Every structure is written in C-alpha cells, then in structure tokens.
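**Student:** Sharing a structure here in structure tokens format.
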Amino acid sequence: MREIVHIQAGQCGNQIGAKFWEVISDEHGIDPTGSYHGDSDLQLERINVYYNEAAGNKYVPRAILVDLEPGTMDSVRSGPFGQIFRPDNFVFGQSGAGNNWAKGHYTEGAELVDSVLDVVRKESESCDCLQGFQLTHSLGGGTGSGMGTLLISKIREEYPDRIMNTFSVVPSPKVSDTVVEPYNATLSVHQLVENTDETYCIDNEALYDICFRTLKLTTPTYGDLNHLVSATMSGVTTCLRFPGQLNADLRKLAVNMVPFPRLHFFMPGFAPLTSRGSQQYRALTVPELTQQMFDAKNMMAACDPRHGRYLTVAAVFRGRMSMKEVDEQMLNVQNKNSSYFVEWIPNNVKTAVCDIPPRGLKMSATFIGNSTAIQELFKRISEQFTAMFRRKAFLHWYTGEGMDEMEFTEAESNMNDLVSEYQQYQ
Amino acid sequence: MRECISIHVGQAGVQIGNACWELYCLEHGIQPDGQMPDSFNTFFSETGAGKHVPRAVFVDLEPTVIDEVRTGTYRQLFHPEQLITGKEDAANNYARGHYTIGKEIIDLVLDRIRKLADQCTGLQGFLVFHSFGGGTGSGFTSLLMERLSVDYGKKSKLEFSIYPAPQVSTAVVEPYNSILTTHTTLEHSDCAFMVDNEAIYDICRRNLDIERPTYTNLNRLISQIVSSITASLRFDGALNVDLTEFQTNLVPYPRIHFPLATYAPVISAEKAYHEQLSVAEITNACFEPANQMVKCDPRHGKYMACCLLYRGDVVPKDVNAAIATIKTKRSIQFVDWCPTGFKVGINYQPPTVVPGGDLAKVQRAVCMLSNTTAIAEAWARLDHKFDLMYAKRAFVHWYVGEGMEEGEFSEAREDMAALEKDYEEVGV
Amino acid sequence: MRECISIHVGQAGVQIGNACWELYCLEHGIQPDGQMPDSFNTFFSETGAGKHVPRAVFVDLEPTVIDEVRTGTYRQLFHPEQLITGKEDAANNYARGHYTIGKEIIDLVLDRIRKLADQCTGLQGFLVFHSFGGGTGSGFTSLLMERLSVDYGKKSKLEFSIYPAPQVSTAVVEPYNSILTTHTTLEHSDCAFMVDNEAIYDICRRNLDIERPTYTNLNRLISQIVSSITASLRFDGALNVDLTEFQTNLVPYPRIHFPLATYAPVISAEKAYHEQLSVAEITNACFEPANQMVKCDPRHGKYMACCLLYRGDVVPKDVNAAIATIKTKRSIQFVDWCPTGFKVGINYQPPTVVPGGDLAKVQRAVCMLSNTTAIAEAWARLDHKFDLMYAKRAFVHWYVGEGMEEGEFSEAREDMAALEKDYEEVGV
Ligand SMILES: CC(=O)O[C@H]1[C@H]2[C@H]([C@@H]3[C@@H](O)[C@@H]4[C@H]([C@H](C)C[C@]5(O)OC(=O)[C@@](C)(O)[C@]45C)[C@@]3(C)[C@H]1OC(C)=O)[C@@H](O)C(=O)[C@H]1C[C@@H]3O[C@@H]3[C@H](OC(C)=O)[C@]21C
Ligand SMILES: Nc1nc2c(ncn2[C@@H]2O[C@H](COP(=O)(O)CP(=O)(O)OP(=O)(O)O)[C@@H](O)[C@H]2O)c(=O)[nH]1
Ligand SMILES: Nc1nc2c(ncn2[C@@H]2O[C@H](COP(=O)(O)OP(=O)(O)OP(=O)(O)O)[C@@H](O)[C@H]2O)c(=O)[nH]1
Ligand SMILES: Nc1nc2c(ncn2[C@@H]2O[C@H](COP(=O)(O)OP(=O)(O)OP(=O)(O)O)[C@@H](O)[C@H]2O)c(=O)[nH]1
Ligand SMILES: [Mg+2]
Ligand SMILES: [Mg+2]
C-alpha cells in the first residue's frame, strides 16, 4: 500500500542502481525478462512497493534513469537485466557536464528537468499512496551533484509531506578523483542541509579497506562495492516487504534518528561479512553480529566513530531470532562503553526484526549510526575549499556559467554553521 | 552519437595525421578500402553501403605532401573534397601564412568544416595538429583558430603542437614565428599539449634502444598518445572521461593551458620478457624526468594539475594506492593552493600493436598529462633568442614586406614578458 | 489520356530535342525503330501494329541541321511531314525571321499543329524550345507564339529559352534580338524557364570534373530538367502535379513569368561513392548559389516563389523536415507578402542514366524552379548593352531593310524599362 519510486542520476548512481535492481529482482524471484518464477507466496503480496503489473504477469520496476551523456544509459541497457525497464524511462541529453556543478544545475539540467519531472509526476499519479522517493548520486562531479540537487529541490516543492532519502557517496580523505571536487562537495552539501530528510554517507576508501582487511580480496572491481551499497539499501527497506515480529518502516526511522532537523547525515554498515577461508571457523550467533556491528574498521565512511559520541543508533536484524537475546545485547554494548554515547539521551538504540533473511544467509544485520565525529569529514572539506577560495583557483569555469562569489561564501558559511552545531552537542 | 573533427595543417600535422589514421583504421578493423568485413561512429561517417569515411580535413599551402596521400595506399579512404591544397608554400614566413597566401584557402576549409559539422548531432570539439617553427603551421593555425573561436563559440578546441627544442633546430627564423603565434593563439585555444623532438630522440635512444630514428617512429608515438586520449570515447570503461572534462581539471587560470604529455610503458621486445609491469611500476615510472616528452626539468617547478589515463587490465585499488604513495615522496611536490591534484580515468580496451613497428605487446598502458611551472624556464630561453635577433633587426624585412608592421614584435614580446610574470606569480 | 505537343524551332531547339527524345525513348524502353520489344500515350501515338510516332514538330529555316537528324540513328522514328525545313536561313536577323523569310513556312507548320492536335482528347499544353540570340529562334518563335495564342485560346504554353551569358558571347547583333523578342513574346507565353550557358560550363568544370565539355553534356542536363518536369505526368506518385499547376503557383502577376531552374545531385562517379545523398543534403545543395544554372546570385534579391520536384525514394516526413530547416536560415530570405512560398511534388520513378554520358546512378533527385528578384539585375546588363549599340545606330540598317521601322527599337526599350520598374516595384 506504500510505494516508492526510484531516481538514479549520474554515472555512479547509474551503476549502483543497476546492481540494486539486480539484487532486488533476485530477492523477489523474477527472471531478467520480468516473468515471475518464485517458490514462495510471500514474494508477491508486497511487490507493489517497487513493481507495476503489466499485461500478462510481467512486472516492471518503478525506476527512472537520467544522465547527461548516453554512454552509461546504453551500457546499462545492453547488459544483463537490461530488458526489465520501460524504454520511456530512459531520459538523457547530448551535451555533458564536464564536472561543473554549474553546468549541471544551471545550463543543461534546466532543459532536462522538465522531462524528468513529467515522468516522476506520471509514476506518482499511477501509484496508490506513496511512502517516498530515493536518489543515488555522488558528491564529487557535475551530473550527480548538480542535477540531483536540482531534482531534490523541485520534488520538495511539489511533494513536501513525504520521506526523501539519498544514498550518496562522498569525497575520500587521502586520494581524490577530480581536481574540482571540494567545490562540488560544498555547494551540494549546502543544498542537502536544507532540502532532504536523511542522507547516508559512503566512502570509496572505507569500502576498499573492508575489501582488503576483512573480505581478504585480491582483485576487487566496482561491482563488489555497488553490491555492498545495494545490500545496505535492501536491508534498510526490508521491513516494508516481508512480515516481521517487530517492524519499522522509513518514517519510524526518521522519527527515531534525527533529534534536530539538520543533523541527518548517517554512517551505515552490514553484517556478517566473512572470508571464504575463515567462514567455517566461526559461529552464527547474535553476539558475533553485534560485536561486528559496533566495530571501528567496519564503518562505510572514513570517520573514526570513537572520535566523538553517538547520538542515535538503529539496528535492523533479519532472520528468525530471539528478542531477549537482542535486547540483552543492546543493553550490554551500551553500558560497556558509555563514553561514546550522548549523556542526555537514555537508551540510544532502536531495534527492528524482520523474518526473511537475504538469499543465502541464516541471519543478517544492518547498522545505521548518527554520531558527532562526522564533523571531521566536514572540517576537511571546508579548509580545502578555503585554500582554493583564498586564490580563486579553477573558479572562472563556474563563474562563466552564471554564479557569483557570494554564493560560494554563502555555502562556506552554511557548512561552518553545520560544524558549529555538531561541536555544540559534544 | 558524439563526435570530433580533426584538422591537419602543414607538413608536421599532415604526417602525424597519416600515422593517426593508420592506427585508427587498424584498431576498429577497417581496411584502407574503407570497408570492414558501432563505436567508430565517433570518427567515421557511414556512406550508403558498407563505407566509412573519416571526419578529417587535410590542408597545406604546398602540394607535395598531400599528393603522396592521394596516391599512396590510403587513396580510397578519404573524401577527395577533403584534401585541399594550394600552389606556393609559406616559405617559413609567418606573414605569408597569416596575411598574404593563407587567405586564399580559408573560405574553402571553413566551408568544409561547416559541411562536416552539420552531419553531427553530438559534436564535442576540434583537434588541430601543427608545429611551431614553421610558416603555415603557425600562421594558418592562428588564423583558423580565430575563425573557429568566432564561429563555433563555446565548444572545446584543443591543439597538438610541436615545441621547439633548445639545441636541435632546423630553421634560422624559428623564435620569431614561435613568439608571434604564441601571442596570437593565447586567446582562442582551450588546451594545447606540448611535445618536443629532442626528448623523443632521447626516449628512442635509451628506452627503445633505437640509435637512428626517422620521423615515422616519432609519429607512431604521437599517434599512440592521441589514441589513448580518445579511447575514453571510442570504447566503454569503468571510470571514463570525455573531451570537455580536461579543461576543467587542468586549466586554473585562463592563460595557463600548456601541459606536457607522457606515455608508458615504452620498451623493446627484449626487456619485455624480464619484468612484470605492475600498475605501481608504470605509475611511478611516468613520474620520472627521463620519460617526459618535452626537454625540460620537472624538478625545477611545482605541479598544478595532473591527469592520468589508464588502459587495459587495471583495478582501481592499486591505482589509488599508487597515487597515494606518489604524494608521500618529497621531490614530487605540489603547489600550496591545490591539495587535490589528480584526475583519474580508466578504460578497458588494451593498446593495439602496429605491424613492422617498434613497440612491445603489453596489457596495461598509462598516458599522463601534466600542467606545471617548469616550462616557464623554457619560455625564458625562447625570449632570450628573440632578444638577440631583435638587437640588430635581422631577418625582419622579409616579414615587413608581406604585411606586418614593426609594432607587432614589440607587442608579442610584451605579452611574453606578461606570461613569464604570470607563471612566476602563481608559483612564488 | 492527357497529351502535349512539343515544338523545336532553330538549331538550339533541334539539338536539345535530339537529347530529349533520346532520353524519352530510353525511359520507356522504345527502340529507335519505333517498336518496343501503358503511359506513353501522353507523348506518342500508336500507328497500326507496334509502331509509335512521337508528338513532335521540328521546324527550321536552314536545311543543314535537320538533315543530320534524317540520317542519324533516328531515321525511322519521326514522321516525314513533321520535319519541316526552309530554303534559306535567318542570318541572325530577327527582321528576316519575323517578316520576310518566316511567313512562307508558318502556314504549313500551323497545319501540322492543327493535325496533331486533333489526334488527342485532353490536350493540356504545348512546349516550345528556342534560343534568344539567334535569328529563327527569336522571330519564328514570336510569330508562332502569336498565332498559337490567337488560335488556341486558354490552353497552357510553356517555353525553354537559352539565356545569353554576360561575358561569353558569340554574335554581335545579339541584344537587339533579345530585347525585341522579350518585348514581342511578353503578351503570349504562359511560363518560361531560363538556363544560361556559362553556369552549365562552370557546373561541369567544378562538380562533374569535366575539363572540356562540348554541347552534348549541356543538352543532356537540359533534357534531365524537362524529364523531371514531365515525369509527374508520365508515372504515378504520392503527391503529383501536372502542367496547369505551375502557371497558378509561380506567376503572381501576369508579366513576371521567368523562373530559373536547378538540378541536384550533379556529381561524378567517383565522389558519389564517398557520399550518402539523403533528402536534407540535396535540398541544401539546391539552395546554395554555386549550383544555379543561370549566372546570377540569389543573395542579391529575395525569393517570390519556389517549386520542388522530387524523384525516387523519398518519404514526405523528412521532405517536410528539410523544407522546415531551410525556412529558418538567414542566408535565404523570402519576400514579405508570401508566407507560404513552396509547392512540393513527389514522384515514384527514379531518373535513368544514358550510357556514354557523364552522370551517375542516384536513387533520389530534385529539380527546383525558383522565381526570384535577382534576374532583374541580369536584365540591367542586357539593357545597358542595347544602349551602347543604339548610341551610334550600329547594325540598324540590316533590320530596317527587311520590313521593320525605326520606332520598334524604342518600343522594345520602353517595355524593358517598364519590366525593370515592375521587378523593382514588387521587390523593394
Ligand atoms: C563475502 C561473500 O562471499 O560475498 C559474495 C556474495 C556473491 C558475490 C557475487 O555477486 C560476486 C561477488 C564478488 C566478490 C565480486 C563479483 O565478482 O562482482 C560482482 O559484481 C558481484 C558482487 O556480483 C560478484 C559477481 C561475490 C562472490 C561476493 O560478494 C561480496 C563479497 O560483496 C553474491 O552473488 C551472493 O549471492 C552472496 C550471497 C550470500 O551473502 C553471501 C555473499 O555475500 C555476502 C557479502 O555475504 C555472496 C555469496
Ligand atoms: N562506488 C562507485 N563510485 C564511483 C563509480 N564511478 C565513479 N565513482 C566515483 O565518482 C567520482 C568521480 O566522478 P562522479 O562519477 O562522482 C561525477 P559523475 O561522473 O556522476 O558526473 P559527470 O561529471 O557528469 O560524469 C569519484 O569519487 C569516484 O570514486 C562507481 O562505479 N562506483
Ligand atoms: N615529430 C615531427 N616533427 C617535424 C616533422 N616535420 C617537421 N618537423 C619539425 O617542424 C619544424 C620545421 O618546420 P615545419 O613544421 O616543417 O614547417 P611547415 O609546417 O612544413 O610549414 P611550411 O613553412 O609552409 O613548409 C622543425 O622543428 C621539425 O623538427 C615530422 O614529420 N615529425
Ligand atoms: N545550351 C546550348 N546553347 C546553344 C546550342 N547551340 C547554339 N546555342 C546558342 O544559340 C545561340 C545562337 O543562336 P542560334 O539559336 O544557334 O540561331 P539559329 O536558331 O540556328 O537560327 P539562324 O539565325 O538562322 O542560324 C548562341 O547563344 C549559342 O550558344 C546548344 O546546343 N546548347
Ligand atoms: Mg611545407
Ligand atoms: Mg541556323
């Protein structure tokens, strides 16, 4: 009865959305052509949140794909599970952003956003009563940051009473991949403090560190990191689709997690992630999942969680488990290290349990943390910005497209206001 | 669905284009008949029934270089209206290319550019090949860049320019042409990659162990670099760039757009059997001064922007590890106002080998582009040469008899002094 | 079911008709014996048993030109009482071709016109091929048109006149004939298309790569134009026109009936291999000024009406797209009082190729008829030459000794001044 539409913008968002629809369509049991071939009955009663019935038991997803060059669109269409989507949902331009924030928000996005919003409005008219939206992008380039920001603002002015999530990968501390990266990060965060309900922060470096120290891989591609991100997304929204003993949808997590309306930047994680060699040398118990959740080298964002304090923690377990064990262990790991939790909030942890595990696992768990030490990430953006903004370096590519220097000083003041609010509560 | 138009001017640009179209036909399986027994759309236009004609214009003021193309084994490839010639060369005289002889051609080549650019729908930019030390390669290039920047507006316009060497020189009036064309093209180009003759002579002498290289080996290496730049458009890769991103990453201030290019790994078939060529090895080895294809010292200047383009069998983890262990060393030092100074692109298709050639079969390949403050010193050398031949007014009357006053030389030397003060300003 | 009578008068008419009837007998598979080993009833008549006689009358004052047709490869074809000949020629003297020599042949040729117009049922109009500078091609043409407009009333009557080139000329008493003829035929013809020799010379030099063309290539191009006009009558199409459409669509005021004709694509067998000739390409090549068949420039005037005739594999959607993207360009400007300035026709049968010719095989082809204000400038040049040869009374006694008083030259000059004023009025 509660439906979600999916919008993917950019290159990084397109790859992560492709692996997400492969994972979800494997989980509910449908073929790459769209025919149903499941073995249970519970895979079809709550399918309306992501799919539409179409003319002879074929189910199409509720997805919308947008980019400024046709390369990643045609690359996603040619691959496996590419014949699922409806061909009118592929909207694209011809020009390209050039890793300018301004060329995405002001120059080409102004021509593409009409067709994108027409498709969003038609998919929103076709649904019964929606829970909300979600968007996948990156805070380092021009298509993702600029046009995801533009689409977020238009959707909030049209639909102001829904929940809008964003799954956005952020810039990395040691090594970058674009020279104009902190410019794009600061302007996009200046819009996402205002116009969204919660945002999940992913690094590429912490994903490489999970892939090296825990999974013990020798050759990881981008497919493995997009699979990790898709596993976290499905674990977040699993309480809508399967019946559980104690269940919690998206708005419940909104009400529980954010105390003050501007502190909605989380850090996620998954468990269990084991090797192939040391798989048979451990158990499957709730203490192992809980100790692997509250662990420093497991976090999918490069912020040391013991550099500050925790505001609120959410934990979504999957499988057939016992609730006395769950609640005793949340009590245990909260009084064990009390210095890392906020003093003026008692019993920080929120608990949810769903019955049907991922495909091939006895038990799994998803962690979502709202901590103060994320201020470190924001510090290292802003100072970098000031270095270039002390010299006006690379600036004329942006100033030639329609922006002023007052917008840059506005965005820097906004981000330093946010670092002040983070340092307030610790 | 997204294209590029390449124009070749003068003898050096025509011969580099000969090697480039030989390589591009060898990659995609197209024979020199123009028939193969769809990515090539970005360079070739399909004509009726199994015929792909290139998107190129060849133009020179002297008919002895294009004719070998019109009679040689690529006779059947190009469109015969796209091979335009004149009757008399520029005779190493910049005033004869910009003012007198070069103006009887430009309406024709602008008509051919306009007639090729109406068959496109995703036109992304131009690629103009030329030298510095010559007459039509400087004058006709400057006048064509003026007309293209007036007509085609906000599209990206790149150039591939042969930089004059310190010691090795052929003409006697080279620095005049170099100073005049650097003053004139400074206001219409977006990025111009510099390559040198003497450094490719030393690369072929030491790495490849070739003791007597002709012009063919140099043009094969230049073709490998341009192919590695455009392979992000002709194929499909994990982290891929296009032609518009380069300027946004390498050009901080709108008059510092002279980066220098490098390729790796360049070896023989004798040393290829005794080393494993890891990604960390080629990443550290493109950053050594004995591989830089312009005869300069990168240790005497600090870097402003770098762009690395990988091809073949690479994974991103040791790519980022290799860039990380680059930024820990002390000699490879970056500028203060730029903490993030790397831009990464990764493609899938390996580099192909030309038969009868000199390069070895390898799986991984790196192209590097660097925007640094070392090349200011090279600029200084050129200006000093200008000054000596401006102390006695030598060879000036050949210029001023063809339509150039004696004010332009003082103007152009003024702008070179301005550019030297700009490089030293942003450096110190 | 609907028919046409073609009359060729003079040497230019006989040779253009030779090329035209060779093309017609090649299009419908007819041998030169007259037998074919049914739409041809619009031009031919069946004579007993498998024998087709054409509807043509060839008339001339000099028996040398027609007596090469009576011993060429088409001896069997034309009927012997259709090739009417005189005894002495007009000697480039309009007074001989209008008054003295021409008036003993006109009754016989009018009896043949009356006899050939009784073997029809739905007669639509005549077609007269003639020149301007010549003797019988001006005087006999004007006398014939006067008698046809008296006798045959309100039927159509088209023309094909050779326009005199500005710089290239053969005779010296030529503009006398031109101004006298254009004064006399101004009240009797219905439409008259123009072609110039010098433009077809430049077309065969530049496009077809022919360096020395004789008159056979020119007559083949003129025959292609007449074939493209009448192929909407000889076959069936999606959007078809006939001969009474043109006078309603191209002639606004009853004294502006000189449009100029253009053909496309005109390319060699070599440059046709390297090109895709879509409808947008050939529609744009019809509109650029290097391809007009009259030596004037349409940039120096504004279009009053345009009519396109397509042949081959064309769909109407991108025909409409091509006319749409033509109508936005600023290079081309239309007149203010005509917002709907096009007339489109589409036929199904493609053009054939005469063996031994110079044209290539194409699927699509366009013939354009344009009524523009640039032709006024051409009138200006001819008018000026008249004044020079009337400034000293040169060559006037040859005309006044044969039945023409002196005031007729003043009358013709006044009427050409009136026509230039009418063009200037409706243009400016
Ligand atoms: C840790 C592990 O064994 O996971 C594998 C997957 C499987 C991954 C598989 O898809 C592999 C991936 C490889 C590590 C990478 C991979 O080759 O590249 C991709 O795009 C992946 C992720 O699809 C590919 C093809 C694998 C081997 C692995 O994906 C990873 C490590 O991200 C996946 O297909 C499954 O079915 C999982 C089912 C059960 O949950 C377990 C395993 O996943 C986890 C993280 O627990 C899977 C067997
Ligand atoms: N997790 C992933 N991150 C990616 C992937 N491809 C790129 N990136 C990240 O994206 C960054 C490079 O630019 P982005 O893709 O974020 C900007 P985008 O390409 O979406 O916009 P354009 O400039 O319009 O191409 C950099 O931080 C990369 O780590 C991918 O497949 N997975
Ligand atoms: N790598 C390479 N350099 C060349 C080549 N030909 C000439 N050069 C260099 O160009 C400079 C000589 O001036 P040219 O470029 O030949 O002048 P041009 O372009 O031919 O123009 P004109 O004066 O009209 O002949 C010298 O520095 C040459 O080293 C070539 O084929 N390959
Ligand atoms: N396009 C074309 N023009 C021709 C041809 N033959 C003659 N002309 C032109 O006709 C003009 C000369 O007048 P003619 O038509 O030949 O005179 P005529 O019809 O023979 O009549 P007479 O005066 O009796 O000789 C010149 O402009 C010629 O260029 C031809 O075959 N093709
Ligand atoms: Mg030369
Ligand atoms: Mg004659």
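We count from 1, first residue shown onward.
For this deposited structure, the header notes the method as electron microscopy, 3.5 Å.
Placed from the backbone N, Cα and C atoms, the Cβ positions cover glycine too.
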**Student:** Swiss-Prot tags one of B:1-4, B:93-96, B:109-112 as motif 'MREC motif' - which one?
**Tutor:** B:1-4
**Student:** Hey, how far is B:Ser131 (GTP binding site) from B:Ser223 (phosphoserine), Cα to Cα, in Å?
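**Tutor:** With distance taken Cα to Cα, B:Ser223 (phosphoserine) is 15 Å from B:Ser131 (GTP binding site).
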**Student:** Just to be sure I understand the contacts, which recorded positions have a Cβ under 6 angstroms from any atom of ligand 3? Candidates are B:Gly10, B:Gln15, B:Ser131, B:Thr136, B:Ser223.
**Tutor:** B:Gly10, B:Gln15, B:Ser131, B:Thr136
**Student:** Just how many other Cβ atoms lie inside 10 Å of the Cβ on B:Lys317 (ubiquitin cross-link)?
**Tutor:** 21
**Student:** Count, for each of the recorded positions B:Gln15, B:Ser39, B:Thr136, B:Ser223, the other C-beta atoms lying within 10 angstroms of its own C-beta, and report the residue with the smallest count.
**Tutor:** B:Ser39
**Student:** With every protein chain in view, what's the tally of Cβ atoms within 10 Å of the Cβ of B:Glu245 (active site), excluding that atom itself?
**Tutor:** 25
**Student:** Using DSSP and three states only, what is B:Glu62 (Mg(2+) binding site)?
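**Tutor:** DSSP call for B:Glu62 (Mg(2+) binding site): coil, neither helix nor strand.
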**Student:** Near ligand 4, which of the recorded positions show up if the criterion is a Cβ under 6 Å from one of its atoms? Options: B:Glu62, B:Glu174, B:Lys317, B:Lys361.
**Tutor:** none
**Student:** Which ones, out of the recorded positions B:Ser39, B:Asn219, B:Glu245, B:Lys317, B:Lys361, lie near enough to chain A that their C-beta is under 8 angstroms from one of its C-beta atoms?
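**Tutor:** So the ones by chain A are B:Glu245, B:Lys317.
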**Student:** Using C-alpha atoms, which one of the recorded positions B:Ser39, B:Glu62, B:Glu245, B:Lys361 comes nearest to B:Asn219 (GTP binding site)?
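**Tutor:** Closest candidate to B:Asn219 (GTP binding site), judged by Cα separation, is B:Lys361.
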**Student:** Counting other Cβ atoms within 10 Å, pick out the least crowded of the binding-site residues B:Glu62, B:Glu174.
**Tutor:** B:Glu62
**Student:** Which has the fewest other Cβ atoms within 10 Å: B:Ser131, B:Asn219, the binding-site residues listed?
**Tutor:** B:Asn219
**Student:** Sort the recorded positions B:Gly10, B:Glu62, B:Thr136, B:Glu174, B:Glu245 by C-alpha distance from B:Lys361 (ubiquitin cross-link) and give me just the closest.
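**Tutor:** If we rank B:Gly10, B:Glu62, B:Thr136, B:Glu174, B:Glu245 by Cα distance to B:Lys361 (ubiquitin cross-link), first place goes to B:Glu245.
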